[PDB]
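Asker: Here is the sequence, then the experimental structure:
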Amino acid sequence: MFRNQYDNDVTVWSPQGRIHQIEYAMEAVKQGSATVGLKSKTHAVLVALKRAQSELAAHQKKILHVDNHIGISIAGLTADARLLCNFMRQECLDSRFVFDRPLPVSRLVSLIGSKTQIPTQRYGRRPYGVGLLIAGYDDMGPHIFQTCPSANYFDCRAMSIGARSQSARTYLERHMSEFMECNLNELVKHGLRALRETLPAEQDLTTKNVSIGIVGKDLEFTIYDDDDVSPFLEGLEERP
Amino acid sequence: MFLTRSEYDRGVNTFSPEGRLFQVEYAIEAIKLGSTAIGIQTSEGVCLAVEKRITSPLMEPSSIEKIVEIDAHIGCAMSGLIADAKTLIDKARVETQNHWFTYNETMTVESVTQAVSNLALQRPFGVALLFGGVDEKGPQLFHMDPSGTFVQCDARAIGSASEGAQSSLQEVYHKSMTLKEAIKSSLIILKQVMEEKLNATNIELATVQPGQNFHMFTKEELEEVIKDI
Amino acid sequence: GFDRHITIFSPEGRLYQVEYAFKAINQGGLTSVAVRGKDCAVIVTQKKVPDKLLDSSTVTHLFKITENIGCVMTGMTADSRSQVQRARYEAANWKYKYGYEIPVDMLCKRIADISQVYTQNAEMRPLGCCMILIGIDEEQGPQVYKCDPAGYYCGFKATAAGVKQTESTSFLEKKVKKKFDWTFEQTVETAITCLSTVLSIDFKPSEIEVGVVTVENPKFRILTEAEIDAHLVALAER
Amino acid sequence: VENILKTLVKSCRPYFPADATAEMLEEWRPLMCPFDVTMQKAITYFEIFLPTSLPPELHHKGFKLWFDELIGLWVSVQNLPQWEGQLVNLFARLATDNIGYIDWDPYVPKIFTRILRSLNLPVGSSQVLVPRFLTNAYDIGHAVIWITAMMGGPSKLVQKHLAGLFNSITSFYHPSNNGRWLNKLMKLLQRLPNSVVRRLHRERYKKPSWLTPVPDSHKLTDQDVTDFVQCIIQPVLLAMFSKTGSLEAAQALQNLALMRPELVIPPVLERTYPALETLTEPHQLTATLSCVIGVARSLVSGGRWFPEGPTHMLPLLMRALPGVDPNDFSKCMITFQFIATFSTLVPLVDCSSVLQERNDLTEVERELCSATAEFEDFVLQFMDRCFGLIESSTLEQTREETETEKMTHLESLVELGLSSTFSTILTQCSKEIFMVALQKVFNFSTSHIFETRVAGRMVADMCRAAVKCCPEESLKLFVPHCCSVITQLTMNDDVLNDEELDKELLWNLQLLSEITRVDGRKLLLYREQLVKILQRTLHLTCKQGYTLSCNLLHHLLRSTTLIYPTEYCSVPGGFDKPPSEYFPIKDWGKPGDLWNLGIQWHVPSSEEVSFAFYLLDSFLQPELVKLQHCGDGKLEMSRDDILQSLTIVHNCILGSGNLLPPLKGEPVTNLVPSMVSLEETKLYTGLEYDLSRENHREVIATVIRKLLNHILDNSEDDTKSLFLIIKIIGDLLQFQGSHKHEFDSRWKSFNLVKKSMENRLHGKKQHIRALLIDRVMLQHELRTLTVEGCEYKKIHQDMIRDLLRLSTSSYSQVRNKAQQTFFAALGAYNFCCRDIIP
Amino acid sequence: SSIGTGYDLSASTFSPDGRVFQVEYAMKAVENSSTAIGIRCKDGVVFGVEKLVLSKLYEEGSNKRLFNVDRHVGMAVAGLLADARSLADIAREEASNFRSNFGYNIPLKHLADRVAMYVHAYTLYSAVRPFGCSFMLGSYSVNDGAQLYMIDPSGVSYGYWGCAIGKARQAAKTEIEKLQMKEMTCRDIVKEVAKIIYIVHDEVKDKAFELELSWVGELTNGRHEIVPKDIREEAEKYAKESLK
Amino acid sequence: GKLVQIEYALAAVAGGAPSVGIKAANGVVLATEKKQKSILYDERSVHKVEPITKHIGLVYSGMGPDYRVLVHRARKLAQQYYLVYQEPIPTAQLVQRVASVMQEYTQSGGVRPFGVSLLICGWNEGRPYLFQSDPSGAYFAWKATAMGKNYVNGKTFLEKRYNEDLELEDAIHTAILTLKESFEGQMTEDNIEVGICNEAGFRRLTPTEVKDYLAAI
């Protein structure tokens, strides 16, 4: 009834000066499970809510190792995600090989931006319908980088993506002052509470559905699955 | 069931405004039409079973194989026509042998299903696979959806009525389950969904254990099994 | 319906996309005039600038393909610059291969071949620009050549491209109906008169850009504002 | 044959005897062996012959005998034989005649479900395709007739089942669900409102007749019609946006709006207002615009059922002004239709005094009085947009080798709609509105030269529409400019020899030629100037330039001689009055008034015809005698000179067809033996032929015969002059002041517009004054065109002899053209065939 | 009103009016963006834009609409940021190649031409869409004065004494016209630029913005740089005081 | 259907200017109208007639840019043959290859067919030759034809006026007659382009001799 001529393909500009396909792909990342990334002065964390098709099903792997000093949390399409992960892993490996050096996060997100932008301008290649939270420690300091199918990228004290990210964004922007001077455990706790902000009241954070990915100056990027997250989870106060 | 259709569907590489890829989601919906199969993961080992659906007596039963061997320590099951799967199967075999050649070590089931999903990307590809094998971690079961996503499952069913079997699997399954108890359980599920008397010709069963390699139960072994239940 | 959206034949056999490109040339909104003389050839065109901030110097529709060849472009500016660039490339390639400067006719021919490729191939839209070229050929003296988007290239005693090309051509035909073998000043006066009449503007010298070539000085030259004003004031007192 | 036999049987059917029915049954009833094909024979004979129309006293002699048996067969059979379609067609005819005398209650579900099966819609998760072995053969028109006939009555189950059907199938009407079924569904959607409205017209506004009246109990009620429209409207609103095009939807909305406007207009306007504004949903624009064309008259009519009424009219019109653009042909055409259709319905003039009026004005009336001021801005904007379309309509000949010299089909259509629309706006426009538009078009055409092929053609059509609206002042503006400029431009006199003819002259000549076709009496003021210009410019030696001058001559003669209705306004004598005593907003809509139609006819004045004859003697006869000299051994002249003279005389014939009497000759004696007399109809036709003068047609006939012989002997090569000679021979043979192709085009356009704007429901010839005038003029065209068998007349024989000689000529093109003219000549005269065959 | 033919769909297509609609649509997309200003001065050129802060969560100096395409030249962008970044990469690579071949810094009026040719190239083929970013490029050299060139999506390049792009480019243009940039030096011009980017901004229309400046000139030895914080604070304060 | 484009291309050819060919006993003539839109257009600059080789020349009716493309290809093909065989290309062989490229273009999708028909003439083996290669890729051999506007009319005029044995001068005359039929008027050396193929080799008739031939009528 309201079929739109100009959303058929990405190469098509609308008369309103918008790419409906890009907007829609950016709409897609919200389909995924919520994930939270935040940083202290010397630490950066990625807190994600993994979800399963069934109880027997183990859970999806939202958090991934790009390198020792960089990690990501995926939202949106997992295929597009795995492509990006392979590209980024190869780039970081190339940098270590050539320069004997860890890759800068700003540089990596820039490369991701170029790679993502390419499909937007080409007919028949759909955009990467994936949104990532890129977290790592470098010489400058800890960083949190958001990327979207639009191929735009940002730098954030903290950010949440996926379904119901907005409540977590509100808690995070409320307590962003506190996060900076926070120690590691407190920063993790803040991230966990923010992730809880997205959850429905029926759901409660558990060992299984929670995954914590954390990096530091003296600490490589790690991922904590079910038992490894339990100490961080136990301290968290009960929800209102 | 009247015609339900939207403008945004039928596009292969177009995001809907909700963000969904409906064309491929529908394609996944068709891929699930295949024959029903069940896989049970236990400490003792992995039990895979599937319905044969032979047309005629003249057909050689061994000729149609709905369970295959990727490696000695690996078994795999597929739903739908074997031909779509054959490419993935060949890739899995050749990849595990690349791993053996290069590293003199046995490829993990997680790595194998990962590499197959890496093929699947590099169409919807119209096959659902249920990899089951033993590894250094232990017996494991990985379900690879026709989407290409792969996850570990304590138990899983694929095919025409995977969901209905899955609900039964939820009730029966427990961690203490033995491979023998799982086999008797899995046969019960296939009996219900098939709604036909189980016999050696209409199913194929296979198992993997730490002690032994992939072993497909011979006709005599299957006869001893179904007779027990 | 699939015949106008790409370069393919109409039932009557006509290329609607090419007609639309000819329209786009007028959509550009500027007029150019060229005229030939016994000893020279000239180009005139308006360079009215809308914005005060925009530099008058950088904006010009006259370009140098080679030292002895000058051109003027009309229509879409970007397409004009691309065409100019390709002409420069072809001229240098010609010089490198054949050891002598390309003649204007061969250059126009090459460019028309290129435009032909776009009109023939559906993927590429026709380049919506029209080029007029002036140069001195040793055998034939001054020459003027004009290539449309379609690929037709023809020599002209005088010609016009732009929104008022039709009225300009009527004026030039009336002028050349008499023999009127024009020297340099006469060619310049003729060109400026055609443009001033057809646009009804009565230009100031800054308004227009003028380029010429001469048998005495084959080097393509862009007249400065002062020489242009000298020619215009000589015209006004006449 | 078979269709004619069936129509004859149906036409003779109602007068069959009362006793005829019983004997009809016994004759064919043995044939009803269901397994045998004689069943099909029987049912076909029954459907064709059995009278369904009888007065009620003898219904027992009529349909009571066979209705029960046939219905029992129809219901008992569940598979689909071929005869079942015929049977339901019979039942439908019976039901539509016998509205209330048949209960129809037991069989409503079975009928409706069988219709649904006829739709063959897919259903179910399996969605298994039907075998297709059985074709239902349920014509949707006949099913609709059955439904509307069984509609109404004390029992309302019919309405309930219709609503249940439409609600059941709403999903398929959705655009995203388009399929094969959609065509049949659109057919149903189009048919059913027409069924209901025709039933209502028969119920209420039909005159009494021999046919039985609809029983007052079973007559349709306001609640029943309201239930029907509420049942159907959502499907229609969905089908508006269907991929097919929504012509069916537009017609359905028209039919529904006649009866329930307050229901139907608001939703479509709620859709249409966004679609004008939106940039991303362009299909909505054309669909909604079309539907609004459908519902225009019910909208403007008002009537306090839909009180808002024409309040929406002018905003939609202003929004439609952007719609016209070069880019979109479909949008451009439908926007012309929108601007025109509402314009014709709506007399437009700024009714400022009405708001100032103290009383007698409804609130909506005052709102319209406020709106009417914007009409001047609207028309000026429309003219700006159209001039822009012309600026984007230029030919721009690209090929160096040649010029196109032709008009494409599409670019002719936009010219047609543009000129028609502009003429409608202007005749609807008031005096000052016309004056501003006149000055605008004059400034446009005068200031900017236009290449003649398409752009200049459109501008000249525009100026012609203006002059047609107000000839005296408009010609006072136009004619001196063109005459002075052309005489100033051609003063050198070497332009005559020049083939080029530089373009300003050619443009101005085209402009003059198009302006000239107007009421002759206004033209007669500009006599000496026009003829001086003609005498100068016929003889320009260029294929264009003498052709345009000849077209000017042709339009001049046709205007002076021909009879046509000049006014073509919605209100008779509308807007002539300066004072505000005339109340425009009252005039909106208001169709009908054929008795007070009051046509103003141009009739050839004595001065007009005298001037035409004088001019023809001035121009044709010198060229004619020049031809005669060329035919004799004298005045050896070029192919070009022969062509120019031929073009002159051909155009002079086509212009002067009415004046010059038909050719006469001695009848060929050996035609046939006929005891009864054979005669040719003589129709006065307002001709008043003057026989005192010598027949120009006759002298032209003898000379052109000689010249045909001369060129065939001496210059076979000159093909173009021979094309002209073929045209001239054909015109001289049959042309009597009218063109068959013009007549057919006018008839088709009238049929289309009458269907589009038809008020089927009430008034019973309730139609717009313009199409009424058009139909009268078409009646005149039919009268002058149609001619009975005429004497073979050995002059006409010799003309046919020349034509068959040219049909047997060397060159294929002249063979074909002469073959066409020869064919028409053979059709013309009775018993001409017997002579020419040997 | 709206056109449903399909001429406007593909860039490799002409409208019967003679207009390519895709590029005009891209120019409208450029118009629907935060304003960016570049003003030349006799010493050098200054670039000023309004970097709209979408959320306070975003840290600072992010979504940078200022780019250094080379050491001596810097870009200020508008429109779609991803496309602008692609263009920046193109310009960087072009400058790298020119330096590698010809052994000196690429001149303005050449870099702009090549980048324009890339842009224009994207216009006239069916597959690829036009770029959505218009941008300003400016550099200063001793041999050649302060240069500012603006590039639109259509592929046209023109030098500007002052230029502005975005939603309020017209208002910025009239304010810049109410100025004398030719004589004025870069440091005072910075104050002026802050004034214009402040006045054009609609606090109600756009919630809040972080002002980014950049300039290049004789004072910087012909190297584009991100404006010492003292000068930037002084300019923002001056602009707000002028605003009150 | 791809054939539809072929039909439309033939229509575009039919819109083209008149071109005429006659095959005399000792020579072949190729003639065409080159009517100039305006006096401003300079006739000397461009020739519709062009030679592929010394012994071959051709003329076109239809789209000039397509003609330039095809003549370039033909010249390269003839030179390729001359390199291989060190003898001049036969007229039929050249026509075949030119047809090959026309057929290749129309067969290829995403590209329109050529909008021109070519009349190819040459003298080889002490013999005249004439061919017409259409947009479809078909080539035929005629004694005489016309192309462009009124091509059927020209063909029938040729049919009536033709003789099996005629001299080069008489064929020149009948060609010019044939064009004089179609031409608007005021035919002159500038407006008309002529070429002949003979034992001497293909040559474009200069304006002086063309004026002589016109004066003969």
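Answerer: In hand now; what should we look at? Numbering: from 1, shown residues only, chains lettered A, B, ... in the order given.
Asker: contacts, neighbours, all on C-alpha from now
Answerer: Will do.
Asker: what sits against the spatially most central residue of chain F?
Answerer: Residue closest to the average C-alpha location in chain F (Cα atoms, centre = their mean): residue F:59, at 2.6 Å. Residue F:59 is in contact with F:19, F:30-32, F:48-50, F:118-120, counting by Cα atoms under 8 Å, 6 or more residues apart in numbering or on different chains.
Asker: what's residue 72 sitting at in phi/psi?
Answerer: The chain I'm using is chain A. For residue A:72, the backbone dihedrals (degrees, to the nearest 10) come out as phi -130, psi 160.
Asker: How many residues are close by it?
Answerer: Residue A:72 has 26 neighbouring residues, counting by other Cα atoms under 10 Å in any protein chain shown.
Asker: Likewise for the one 3 residues further on?
Answerer: If you count neighbours by other Cα under 10 Å, residue A:75 ends up with 28.
Asker: so it bridges to which residues?
Answerer: residue A:131 (DSSP bridges).
Asker: Which secondary structure state does the residue nearest to the centre of chain F sit in?
Answerer: strand (DSSP: H, G, I helix; E, B strand; the rest coil).
Asker: quick one on the thing from earlier: can you tell me which of the contacts of residue F:59 are in strands?
Answerer: F:19, F:30-32, F:50, F:118-120 (DSSP state E).
Asker: Tell me who's in contact with residue 124.
Answerer: Picked chain A for this. Counting by Cα under 8 Å, 6+ apart, the residues that residue A:124 touches are A:9, B:13.
Asker: not what I meant, chain F
Answerer: F:55, F:90-91, F:199.
Asker: Specify the helix with the largest residue count in chain A.
Answerer: Longest helix in chain A by number of residues (criterion: DSSP state H): helix A:78-99.
Asker: Tell me the helices and strands packed up against that one.
Answerer: Secondary-structure packing of helix A:78-99 (3 or more Cα pairs under 8 Å, 6 or more residues apart in numbering or on different chains; DSSP states H and E): helix A:105-121, strand A:130-137.
Asker: and of those, who's closest to residue F:176?
Answerer: Checking those against residue F:176 by Cα to Cα gives helix A:105-121 as the closest, at 57.9 Å.
Asker: Alpha carbons of stretch D:696-706, as PDB, please.
Answerer: Extracted in PDB, the C-alpha atoms of stretch D:696-706 (Å, rounded to 0.1, in the frame of the first residue of the first chain):
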ATOM      1  CA  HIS D 696     -14.800  23.800 -58.800                       C
ATOM      2  CA  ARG D 697     -14.800  20.100 -58.000                       C
ATOM      3  CA  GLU D 698     -15.800  19.300 -61.600                       C
ATOM      4  CA  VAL D 699     -13.000  21.400 -63.200                       C
ATOM      5  CA  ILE D 700     -10.600  19.900 -60.700                       C
ATOM      6  CA  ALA D 701     -11.700  16.400 -61.700                       C
ATOM      7  CA  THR D 702     -11.100  16.900 -65.400                       C
ATOM      8  CA  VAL D 703      -7.700  18.600 -65.000                       C
ATOM      9  CA  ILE D 704      -6.400  16.100 -62.400                       C
ATOM     10  CA  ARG D 705      -7.500  13.200 -64.700                       C
ATOM     11  CA  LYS D 706      -5.400  14.800 -67.500                       C
END
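Asker: In three-state terms, how would the closest residue to residue D:649 other than its chain neighbours be classified?
Answerer: Once flanking residues are discounted, residue D:649 sits nearest to residue D:620: 5.6 Å by Cα to Cα, 6 or more residues apart in numbering or on different chains. Under the three-state scheme (three-state DSSP), residue D:620 adopts helix.
Asker: contact partners of stretch C:161-174?
Answerer: C:25-27, C:29-33, C:74-75, C:130, C:158-160, C:194-195, C:198-199, D:502, F:38-40.
Asker: Show me the longest helix that occurs in chain E.
Answerer: Longest helix in chain E, counting by DSSP H: helix E:81-102.
Asker: Tell me what angle the next helix or strand after that one forms with helix E:81-102.
Answerer: Using DSSP states H and E, the helix or strand that follows helix E:81-102 towards the C-terminus is helix E:111-123. Here the directions of helix E:111-123 and helix E:81-102 differ by 130 degrees (axes from the mean of the first three to the mean of the last three Cα atoms, to 10 degrees).
Asker: Run through the residues of chain E sitting next to chain A.
Answerer: E:4, E:9-10, E:22, E:25-30, E:32, E:56-60, E:62-63, E:81-83, E:85-86, E:127-131 (Cα under 8 Å from any Cα of the partner chain).
Asker: Just the buried subset of those, please.
Answerer: For these, a burial check counting by 16 or more other Cα atoms under 10 Å in any protein chain shown picks out E:4, E:9-10, E:22, E:25-30, E:32, E:57-58, E:63, E:81-83, E:85-86, E:127-131.
Asker: So which of these sit within helices?
Answerer: Secondary structure from DSSP H places E:22, E:25-30, E:81-83, E:85-86 of those in helices.
Asker: got CSV for those, with distance to residue E:203 too?
Answerer: As requested, those are exported to CSV (distance: Cα to Cα, whole Å):
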residue, distance to residue E:203
E:22, 31
E:25, 27
E:26, 26
E:27, 24
E:28, 22
E:29, 21
E:30, 20
E:81, 22
E:82, 26
E:83, 27
E:85, 27
E:86, 30
